[PDB]
Amino acid sequence: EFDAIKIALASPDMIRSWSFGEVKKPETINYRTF
Amino acid sequence: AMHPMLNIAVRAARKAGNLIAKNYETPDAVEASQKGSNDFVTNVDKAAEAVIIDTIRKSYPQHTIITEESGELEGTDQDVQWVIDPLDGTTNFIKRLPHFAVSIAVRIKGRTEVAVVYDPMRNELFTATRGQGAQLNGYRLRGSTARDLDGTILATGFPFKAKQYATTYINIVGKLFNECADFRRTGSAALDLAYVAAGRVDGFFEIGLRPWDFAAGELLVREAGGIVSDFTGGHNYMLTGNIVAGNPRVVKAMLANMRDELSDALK
Amino acid sequence: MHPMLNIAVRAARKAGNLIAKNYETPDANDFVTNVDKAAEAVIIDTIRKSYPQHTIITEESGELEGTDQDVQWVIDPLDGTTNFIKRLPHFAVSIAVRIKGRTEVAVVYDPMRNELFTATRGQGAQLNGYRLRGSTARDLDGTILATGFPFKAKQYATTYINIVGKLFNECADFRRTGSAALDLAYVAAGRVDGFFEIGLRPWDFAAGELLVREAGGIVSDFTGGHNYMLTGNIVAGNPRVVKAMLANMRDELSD
Ligand SMILES: [Mg+2]
Ligand SMILES: [Mg+2]
């Protein structure tokens, strides 16, 4: 496939493009049901 | 669950799409009523607009609404705006070509918050809400996987209302056609953007777009993993009507390709 | 002239059912060649049920000849494969029943929108029960042109571009779908006024030219003759837009 590794900063647009949503709440797991 | 404003908007869009589809089978009643340089506004557009506005007023008698026809109907709570195109590609409808969609987007504090577009003919409903993503009748939308210009399909609209830049545009077109695979020209910027969100086109660009047309698609492609920009990477697009969008790498390639051919009028 | 069209639409419906039923599976050009071959297989095998002697012309293996050389059957189970590759729901099966070198019957069928345009000499061009009319234009103002780009023959592009340029200064707007047969079907139902293309091939537009002609329109090659049957530089529509377009496009001839 490839032959090189590009690297640079990422615009907020790029970062948001990588995303699959916007996490809001710190809580991880329900304990009464895992 | 679901986002509330999104829900009320999709109800509005369903009603509007059903009205448009119901009128689509009687071309003897909908006439051609032109407004500017080949931007028809038929009575069916007015009826769909009124239906949407009525359906909204039930749940937000205070939200300021924007519409290409009625300008800007102020509301007692003008921090949130409702941008509408009851019909996109009026020409495609008057020719009874079955490819058009209604677009409803809701901005909060200026930043677009939710958007929906609805094609009644194929019965496709592109929904999108920031922080949750974009859906096509229940499927996630991650745009095209393209990472170059080869084999890439480019959807576009032509400045057939700002024909002064025609040459310029055509110029760049030629340049593009030297690297891309094939073009697409459907006639409804909202649906083209939607297709970008669905990866059905590897990218998109256009000149001379009204601020009330991409507002329902720019968030769509954004939460669809793609990105938008002006013809130079800035953000004056919201005023220039010059959009270029697609998955990030393709957008980068397109911008680096177009920056030279660009007439400095759009810059 | 009924039973020929009968077999035609039968094979068309079965092929469209197959194509759609397959299209409901996910993916992200192996698959398209697979389904193209499978559709051609079902088509031809349903054909041999009646007249397994007419000479079939596909788009892949030349001309599958037969023992009754009075009738040729032009077949394309998929046109603008790019669409089905990239999930864009716009593609149609194109069947053409030609005789003695000319065509008598034609059927284009879009499975997704479930559209089906039939056409035959004299008895007209129907959309599931509609005496089609073509468009109503008489000029190049407020008109639409279903265009086409050489995604295999880009050499013309430059002068092609020129055409586009001049065309844009004359017409109102453009379209581009990739399915030349669908462009033809759209000019038949007047969904778009004029159609043109640089270097097409008979297997695709064979049915579409019969459509647009039967709908009260006419076809032509770029230089007004009839070598389109071998050159595929098509310009088609109702005579009004055809004149209004040829008058401005011939002066940039390169083929
Ligand atoms: Mg509009
Ligand atoms: Mg084919």
# chains A, B, ... in the order shown; residues from 1 in each chain; ligands from 1
>>> residues_near_ligand(ligand="ligand 1", cutoff="12 Å", atoms="only C-alpha atoms and all ligand atoms", output="mmCIF file with C-alpha atoms, in the first residue's frame")
data_model
loop_
_atom_site.group_PDB
_atom_site.id
_atom_site.type_symbol
_atom_site.label_atom_id
_atom_site.label_comp_id
_atom_site.auth_asym_id
_atom_site.auth_seq_id
_atom_site.Cartn_x
_atom_site.Cartn_y
_atom_site.Cartn_z
ATOM 1 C CA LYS B 35 -38.522 35.452 -9.310
ATOM 2 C CA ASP B 39 -35.123 30.983 -9.980
ATOM 3 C CA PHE B 40 -38.765 29.980 -10.258
ATOM 4 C CA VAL B 41 -40.954 30.156 -7.153
ATOM 5 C CA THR B 42 -44.146 28.223 -7.844
ATOM 6 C CA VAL B 44 -46.438 24.905 -4.376
ATOM 7 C CA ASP B 45 -43.295 26.328 -2.808
ATOM 8 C CA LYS B 46 -45.460 28.877 -1.004
ATOM 9 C CA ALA B 48 -45.098 23.948 1.504
ATOM 10 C CA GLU B 49 -43.452 26.928 3.193
ATOM 11 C CA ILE B 66 -35.614 32.454 7.818
ATOM 12 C CA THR B 67 -36.918 31.644 4.349
ATOM 13 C CA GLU B 68 -35.872 32.642 0.843
ATOM 14 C CA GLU B 69 -39.452 33.786 0.216
ATOM 15 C CA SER B 70 -40.597 35.494 3.421
ATOM 16 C CA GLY B 71 -37.138 36.839 4.227
ATOM 17 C CA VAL B 83 -33.500 28.185 8.119
ATOM 18 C CA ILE B 84 -35.772 26.583 5.529
ATOM 19 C CA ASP B 85 -35.814 25.722 1.868
ATOM 20 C CA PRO B 86 -39.252 24.229 1.227
ATOM 21 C CA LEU B 87 -37.981 23.210 -2.193
ATOM 22 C CA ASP B 88 -34.459 22.869 -3.543
ATOM 23 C CA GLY B 89 -33.901 22.935 -7.279
ATOM 24 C CA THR B 90 -37.191 24.517 -8.287
ATOM 25 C CA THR B 91 -36.162 23.954 -11.893
ATOM 26 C CA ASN B 92 -35.927 20.201 -11.341
ATOM 27 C CA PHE B 93 -39.465 20.275 -9.999
ATOM 28 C CA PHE B 100 -35.574 17.297 -5.209
ATOM 29 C CA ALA B 101 -35.759 17.671 -1.470
ATOM 30 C CA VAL B 102 -36.988 19.934 1.294
ATOM 31 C CA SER B 103 -34.375 21.177 3.758
ATOM 32 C CA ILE B 104 -34.860 22.316 7.351
ATOM 33 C CA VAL B 117 -33.337 16.979 4.156
ATOM 34 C CA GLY B 187 -29.565 20.593 -9.585
ATOM 35 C CA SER B 188 -30.165 20.734 -5.826
ATOM 36 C CA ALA B 189 -27.265 21.744 -3.588
ATOM 37 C CA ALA B 190 -29.007 20.297 -0.539
ATOM 38 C CA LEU B 191 -29.307 16.852 -2.102
ATOM 39 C CA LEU B 209 -25.086 29.640 -3.059
ATOM 40 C CA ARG B 210 -27.612 31.332 -0.857
ATOM 41 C CA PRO B 211 -26.974 31.153 2.902
ATOM 42 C CA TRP B 212 -30.283 29.286 3.252
ATOM 43 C CA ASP B 213 -29.255 26.242 1.221
ATOM 44 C CA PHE B 214 -26.030 24.802 2.627
ATOM 45 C CA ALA B 215 -27.139 25.432 6.211
ATOM 46 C CA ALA B 216 -28.997 22.125 6.013
#
>>> residues_near_ligand(ligand="ligand 2", cutoff="12 Å", atoms="only C-alpha atoms and all ligand atoms", output="ChimeraX atom specification")
/C:32-33,35-37,39-40,57-61,74-84,91-95,178-182,200-206
>>> interface_residues(of="chain B", to="chain C", cutoff="8 Å", atoms="only C-alpha atoms", output="list in words")
residues 38, 95, 96, 97, 121, 122, 158, 160, 163, 166, 167, 170, 174, 178, 181, 182, 183, 184, 185, 186, 187, 199, 200 and 201 of chain B
>>> residues_around(residues="range 218-227 of chain C", least_positions_apart="5", cutoff="8 Å", atoms="only C-alpha atoms", output="ChimeraX atom specification")
/C:209,212-213,232-239,242,246,250,253,255
>>> atom_distance(atom1="CA of residue 4 in chain C", atom2="CA of residue 105 in chain C")
7.7 Å
>>> residues_around(residues="residue 132 in chain C", least_positions_apart="4", cutoff="9 Å", atoms="only C-alpha atoms", output="list in words")
residues 124, 125, 126, 127, 188, 189, 190, 214, 215 and 216 of chain C
>>> write_last_selection(atoms="C-alpha atoms", output="PDB file, in the first residue's frame")
ATOM      1  CA  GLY C 124     -45.331   5.541 -29.415  1.00  0.00           C
ATOM      2  CA  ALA C 125     -43.413   5.729 -26.165  1.00  0.00           C
ATOM      3  CA  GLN C 126     -45.191   4.924 -22.913  1.00  0.00           C
ATOM      4  CA  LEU C 127     -44.343   5.336 -19.238  1.00  0.00           C
ATOM      5  CA  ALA C 188     -38.233  11.307 -23.940  1.00  0.00           C
ATOM      6  CA  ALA C 189     -40.515  12.265 -21.056  1.00  0.00           C
ATOM      7  CA  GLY C 190     -39.455  15.887 -21.487  1.00  0.00           C
ATOM      8  CA  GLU C 214     -40.748   7.643 -30.701  1.00  0.00           C
ATOM      9  CA  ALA C 215     -41.583  10.436 -28.247  1.00  0.00           C
ATOM     10  CA  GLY C 216     -41.704  12.945 -31.105  1.00  0.00           C
TER      11      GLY C 216
END
>>> interface_residues(of="chain A", to="chain B", cutoff="9 Å", atoms="only C-alpha atoms", output="number ranges by chain")
A: 13-14, 16-24
>>> residues_around(residues="residue 202 in chain B", least_positions_apart="4", cutoff="10 Å", atoms="only C-alpha atoms", output="PDB file with N, CA, C and O atoms, in the first residue's frame")
ATOM      1  N   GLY B 143     -19.332   9.331   4.655  1.00  0.00           N
ATOM      2  CA  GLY B 143     -18.858   9.886   3.411  1.00  0.00           C
ATOM      3  C   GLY B 143     -18.017   8.922   2.585  1.00  0.00           C
ATOM      4  O   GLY B 143     -17.892   7.735   2.868  1.00  0.00           O
ATOM      5  N   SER B 144     -17.432   9.485   1.536  1.00  0.00           N
ATOM      6  CA  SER B 144     -16.600   8.696   0.648  1.00  0.00           C
ATOM      7  C   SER B 144     -15.268   8.375   1.308  1.00  0.00           C
ATOM      8  O   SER B 144     -14.731   9.160   2.094  1.00  0.00           O
ATOM      9  N   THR B 145     -14.738   7.201   0.982  1.00  0.00           N
ATOM     10  CA  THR B 145     -13.442   6.760   1.474  1.00  0.00           C
ATOM     11  C   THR B 145     -12.291   7.224   0.594  1.00  0.00           C
ATOM     12  O   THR B 145     -11.156   6.783   0.796  1.00  0.00           O
ATOM     13  N   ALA B 146     -12.558   8.095  -0.373  1.00  0.00           N
ATOM     14  CA  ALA B 146     -11.524   8.522  -1.301  1.00  0.00           C
ATOM     15  C   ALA B 146     -10.436   9.302  -0.579  1.00  0.00           C
ATOM     16  O   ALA B 146     -10.681   9.982   0.420  1.00  0.00           O
ATOM     17  N   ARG B 147      -9.212   9.190  -1.097  1.00  0.00           N
ATOM     18  CA  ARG B 147      -8.070   9.885  -0.516  1.00  0.00           C
ATOM     19  C   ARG B 147      -7.166  10.481  -1.590  1.00  0.00           C
ATOM     20  O   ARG B 147      -5.993  10.756  -1.321  1.00  0.00           O
ATOM     21  N   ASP B 148      -7.677  10.654  -2.801  1.00  0.00           N
ATOM     22  CA  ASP B 148      -6.946  11.266  -3.899  1.00  0.00           C
ATOM     23  C   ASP B 148      -7.974  11.911  -4.816  1.00  0.00           C
ATOM     24  O   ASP B 148      -9.104  12.184  -4.401  1.00  0.00           O
ATOM     25  N   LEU B 149      -7.584  12.178  -6.058  1.00  0.00           N
ATOM     26  CA  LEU B 149      -8.543  12.631  -7.051  1.00  0.00           C
ATOM     27  C   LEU B 149      -8.888  11.580  -8.094  1.00  0.00           C
ATOM     28  O   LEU B 149      -9.899  11.734  -8.785  1.00  0.00           O
ATOM     29  N   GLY B 151     -10.414   8.233  -9.690  1.00  0.00           N
ATOM     30  CA  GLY B 151     -11.580   7.423  -9.402  1.00  0.00           C
ATOM     31  C   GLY B 151     -12.621   8.153  -8.581  1.00  0.00           C
ATOM     32  O   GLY B 151     -13.614   7.561  -8.150  1.00  0.00           O
ATOM     33  N   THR B 152     -12.405   9.442  -8.363  1.00  0.00           N
ATOM     34  CA  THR B 152     -13.290  10.237  -7.535  1.00  0.00           C
ATOM     35  C   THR B 152     -14.399  10.840  -8.380  1.00  0.00           C
ATOM     36  O   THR B 152     -14.169  11.271  -9.511  1.00  0.00           O
ATOM     37  N   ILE B 153     -15.604  10.866  -7.823  1.00  0.00           N
ATOM     38  CA  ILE B 153     -16.768  11.433  -8.488  1.00  0.00           C
ATOM     39  C   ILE B 153     -17.086  12.752  -7.811  1.00  0.00           C
ATOM     40  O   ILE B 153     -17.260  12.804  -6.588  1.00  0.00           O
ATOM     41  N   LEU B 154     -17.161  13.813  -8.595  1.00  0.00           N
ATOM     42  CA  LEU B 154     -17.318  15.159  -8.063  1.00  0.00           C
ATOM     43  C   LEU B 154     -18.699  15.679  -8.418  1.00  0.00           C
ATOM     44  O   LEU B 154     -19.010  15.883  -9.594  1.00  0.00           O
ATOM     45  N   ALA B 155     -19.532  15.878  -7.406  1.00  0.00           N
ATOM     46  CA  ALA B 155     -20.798  16.556  -7.615  1.00  0.00           C
ATOM     47  C   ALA B 155     -20.573  18.058  -7.604  1.00  0.00           C
ATOM     48  O   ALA B 155     -19.701  18.569  -6.899  1.00  0.00           O
ATOM     49  N   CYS B 180      -9.946  14.232 -11.784  1.00  0.00           N
ATOM     50  CA  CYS B 180     -11.031  13.448 -11.221  1.00  0.00           C
ATOM     51  C   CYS B 180     -11.431  12.340 -12.186  1.00  0.00           C
ATOM     52  O   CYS B 180     -10.848  12.163 -13.256  1.00  0.00           O
ATOM     53  N   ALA B 181     -12.453  11.580 -11.799  1.00  0.00           N
ATOM     54  CA  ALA B 181     -12.996  10.538 -12.660  1.00  0.00           C
ATOM     55  C   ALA B 181     -14.189  11.038 -13.466  1.00  0.00           C
ATOM     56  O   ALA B 181     -14.161  11.026 -14.699  1.00  0.00           O
ATOM     57  N   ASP B 182     -15.239  11.488 -12.787  1.00  0.00           N
ATOM     58  CA  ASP B 182     -16.451  11.902 -13.471  1.00  0.00           C
ATOM     59  C   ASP B 182     -17.180  12.925 -12.615  1.00  0.00           C
ATOM     60  O   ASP B 182     -16.965  13.021 -11.404  1.00  0.00           O
ATOM     61  N   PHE B 183     -18.046  13.688 -13.266  1.00  0.00           N
ATOM     62  CA  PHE B 183     -18.829  14.715 -12.605  1.00  0.00           C
ATOM     63  C   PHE B 183     -20.250  14.246 -12.345  1.00  0.00           C
ATOM     64  O   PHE B 183     -20.702  13.209 -12.831  1.00  0.00           O
ATOM     65  N   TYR B 195     -25.687  13.701  -0.558  1.00  0.00           N
ATOM     66  CA  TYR B 195     -24.966  12.612  -1.199  1.00  0.00           C
ATOM     67  C   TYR B 195     -23.516  12.580  -0.747  1.00  0.00           C
ATOM     68  O   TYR B 195     -22.943  11.504  -0.544  1.00  0.00           O
ATOM     69  N   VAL B 196     -22.906  13.755  -0.585  1.00  0.00           N
ATOM     70  CA  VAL B 196     -21.557  13.806  -0.031  1.00  0.00           C
ATOM     71  C   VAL B 196     -21.524  13.132   1.327  1.00  0.00           C
ATOM     72  O   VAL B 196     -20.588  12.397   1.654  1.00  0.00           O
ATOM     73  N   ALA B 197     -22.548  13.374   2.139  1.00  0.00           N
ATOM     74  CA  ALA B 197     -22.609  12.723   3.438  1.00  0.00           C
ATOM     75  C   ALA B 197     -22.754  11.218   3.297  1.00  0.00           C
ATOM     76  O   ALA B 197     -22.265  10.468   4.147  1.00  0.00           O
ATOM     77  N   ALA B 198     -23.409  10.758   2.239  1.00  0.00           N
ATOM     78  CA  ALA B 198     -23.608   9.335   2.016  1.00  0.00           C
ATOM     79  C   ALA B 198     -22.491   8.706   1.204  1.00  0.00           C
ATOM     80  O   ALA B 198     -22.586   7.529   0.850  1.00  0.00           O
ATOM     81  N   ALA B 245     -16.439  20.871  -0.371  1.00  0.00           N
ATOM     82  CA  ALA B 245     -16.641  19.963   0.743  1.00  0.00           C
ATOM     83  C   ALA B 245     -16.385  18.533   0.306  1.00  0.00           C
ATOM     84  O   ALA B 245     -16.395  18.208  -0.883  1.00  0.00           O
ATOM     85  N   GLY B 246     -16.175  17.685   1.294  1.00  0.00           N
ATOM     86  CA  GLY B 246     -15.875  16.287   1.059  1.00  0.00           C
ATOM     87  C   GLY B 246     -15.049  15.745   2.206  1.00  0.00           C
ATOM     88  O   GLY B 246     -14.766  16.438   3.174  1.00  0.00           O
ATOM     89  N   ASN B 247     -14.669  14.479   2.079  1.00  0.00           N
ATOM     90  CA  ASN B 247     -13.791  13.905   3.082  1.00  0.00           C
ATOM     91  C   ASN B 247     -12.475  14.685   3.107  1.00  0.00           C
ATOM     92  O   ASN B 247     -12.071  15.259   2.093  1.00  0.00           O
ATOM     93  N   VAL B 250      -9.596  14.515   0.331  1.00  0.00           N
ATOM     94  CA  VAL B 250     -10.064  14.960  -0.976  1.00  0.00           C
ATOM     95  C   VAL B 250     -10.245  16.467  -0.983  1.00  0.00           C
ATOM     96  O   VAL B 250      -9.947  17.136  -1.977  1.00  0.00           O
ATOM     97  N   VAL B 251     -10.722  17.028   0.126  1.00  0.00           N
ATOM     98  CA  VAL B 251     -10.868  18.477   0.207  1.00  0.00           C
ATOM     99  C   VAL B 251      -9.513  19.152   0.094  1.00  0.00           C
ATOM    100  O   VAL B 251      -9.365  20.170  -0.592  1.00  0.00           O
TER     101      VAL B 251
ATOM    102  N   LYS C  86     -20.912   3.235  -6.464  1.00  0.00           N
ATOM    103  CA  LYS C  86     -20.910   4.211  -5.384  1.00  0.00           C
ATOM    104  C   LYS C  86     -22.301   4.469  -4.824  1.00  0.00           C
ATOM    105  O   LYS C  86     -22.599   5.586  -4.393  1.00  0.00           O
TER     106      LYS C  86
END
>>> closest_residue(among="C:1, C:244, C:38, C:140", to="residue 16 in chain C", atoms="only C-alpha atoms")
C:38
>>> residues_around(residues="range 74-78 of chain B", least_positions_apart="3", cutoff="8 Å", atoms="only C-alpha atoms", output="short mmCIF file (atom, residue, chain, number, x, y, z; two decimals) with N, CA and C atoms, in the first residue's frame")
data_model
loop_
_atom_site.label_atom_id
_atom_site.label_comp_id
_atom_site.auth_asym_id
_atom_site.auth_seq_id
_atom_site.Cartn_x
_atom_site.Cartn_y
_atom_site.Cartn_z
N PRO B 61 -43.58 29.19 18.94
CA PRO B 61 -44.08 30.50 18.52
C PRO B 61 -43.10 31.64 18.73
N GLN B 62 -41.90 31.36 19.21
CA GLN B 62 -40.94 32.38 19.58
C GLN B 62 -39.64 32.33 18.79
N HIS B 63 -39.43 31.31 17.97
CA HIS B 63 -38.18 31.16 17.25
C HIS B 63 -38.24 31.92 15.93
N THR B 64 -37.24 32.76 15.70
CA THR B 64 -37.15 33.47 14.44
C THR B 64 -36.87 32.49 13.31
N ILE B 65 -37.59 32.64 12.21
CA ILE B 65 -37.45 31.76 11.06
C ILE B 65 -36.90 32.55 9.89
N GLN B 81 -32.35 30.18 15.28
CA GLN B 81 -32.88 30.48 13.96
C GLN B 81 -33.28 29.19 13.25
#
>>> select_by_dssp(residues="chain A", states="helix (DSSP H, G or I)", output="number ranges by chain")
A: 12-18
>>> residues_around(residues="residue 261 in chain B", least_positions_apart="3", cutoff="12 Å", atoms="only C-alpha atoms", output="CSV table (one decimal) with N, CA, C and O atoms, in the first residue's frame")
chain,number,residue,atom,x,y,z
B,167,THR,N,-16.9,31.4,-17.0
B,167,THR,CA,-15.6,31.1,-17.5
B,167,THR,C,-14.7,30.6,-16.4
B,167,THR,O,-14.2,29.4,-16.4
B,168,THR,N,-14.5,31.4,-15.4
B,168,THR,CA,-13.7,31.0,-14.2
B,168,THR,C,-14.1,29.6,-13.8
B,168,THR,O,-13.2,28.7,-13.8
B,169,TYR,N,-15.4,29.4,-13.4
B,169,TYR,CA,-15.8,28.1,-13.0
B,169,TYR,C,-15.4,27.1,-14.0
B,169,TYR,O,-14.7,26.1,-13.7
B,170,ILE,N,-15.9,27.3,-15.3
B,170,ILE,CA,-15.5,26.4,-16.3
B,170,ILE,C,-14.0,26.1,-16.4
B,170,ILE,O,-13.6,25.0,-16.5
B,171,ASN,N,-13.2,27.2,-16.3
B,171,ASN,CA,-11.8,27.0,-16.2
B,171,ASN,C,-11.4,26.0,-15.2
B,171,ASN,O,-10.9,24.9,-15.6
B,172,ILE,N,-11.8,26.2,-13.9
B,172,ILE,CA,-11.5,25.2,-12.9
B,172,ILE,C,-12.0,23.8,-13.2
B,172,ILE,O,-11.4,22.8,-13.1
B,173,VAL,N,-13.2,23.8,-13.8
B,173,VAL,CA,-13.8,22.6,-14.2
B,173,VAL,C,-12.8,21.8,-15.1
B,173,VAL,O,-12.5,20.6,-14.8
B,174,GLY,N,-12.3,22.4,-16.1
B,174,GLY,CA,-11.3,21.8,-17.0
B,174,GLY,C,-10.2,21.2,-16.1
B,174,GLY,O,-9.9,20.0,-16.2
B,175,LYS,N,-9.6,22.0,-15.3
B,175,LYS,CA,-8.5,21.6,-14.4
B,175,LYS,C,-9.0,20.3,-13.7
B,175,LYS,O,-8.3,19.3,-13.7
B,176,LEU,N,-10.1,20.4,-13.0
B,176,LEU,CA,-10.6,19.3,-12.3
B,176,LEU,C,-10.7,18.0,-13.2
B,176,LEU,O,-10.3,16.9,-12.8
B,231,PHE,N,-13.2,28.6,-1.0
B,231,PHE,CA,-12.3,28.2,-2.0
B,231,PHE,C,-10.8,28.4,-1.6
B,231,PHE,O,-10.0,28.2,-2.5
B,232,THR,N,-10.6,28.8,-0.4
B,232,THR,CA,-9.2,29.0,0.1
B,232,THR,C,-8.9,28.4,1.4
B,232,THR,O,-7.8,28.7,1.9
B,254,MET,N,-8.4,19.0,-3.5
B,254,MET,CA,-9.2,19.9,-4.4
B,254,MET,C,-8.8,21.3,-4.1
B,254,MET,O,-8.7,22.1,-5.1
B,255,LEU,N,-8.5,21.7,-2.9
B,255,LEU,CA,-8.1,23.1,-2.6
B,255,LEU,C,-6.8,23.4,-3.2
B,255,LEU,O,-6.6,24.4,-3.9
B,256,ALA,N,-5.8,22.5,-3.0
B,256,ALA,CA,-4.5,22.7,-3.6
B,256,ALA,C,-4.6,22.7,-5.1
B,256,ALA,O,-3.7,23.4,-5.8
B,257,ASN,N,-5.6,22.0,-5.7
B,257,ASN,CA,-5.7,22.0,-7.2
B,257,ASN,C,-6.4,23.3,-7.7
B,257,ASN,O,-6.0,23.8,-8.7
B,258,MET,N,-7.3,23.8,-6.9
B,258,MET,CA,-8.1,24.9,-7.4
B,258,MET,C,-7.5,26.3,-7.1
B,258,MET,O,-7.8,27.3,-7.8
B,264,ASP,N,-9.3,35.9,-8.7
B,264,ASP,CA,-9.2,36.6,-7.4
B,264,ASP,C,-10.5,37.3,-7.0
B,264,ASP,O,-10.4,38.0,-5.9
B,265,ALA,N,-11.5,37.3,-7.8
B,265,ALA,CA,-12.8,37.9,-7.3
B,265,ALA,C,-13.4,37.1,-6.1
B,265,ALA,O,-13.8,37.7,-5.2
B,266,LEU,N,-13.3,35.8,-6.1
B,266,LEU,CA,-13.9,35.0,-5.1
B,266,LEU,C,-13.0,35.0,-3.8
B,266,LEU,O,-13.5,34.8,-2.7
B,267,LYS,N,-11.7,35.2,-4.0
B,267,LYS,CA,-10.8,35.2,-2.8
B,267,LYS,C,-11.2,36.4,-1.9
B,267,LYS,O,-11.9,37.3,-2.3
>>> atom_distance(atom1="CA of residue 14 in chain B", atom2="CA of residue 73 in chain B")
22.1 Å
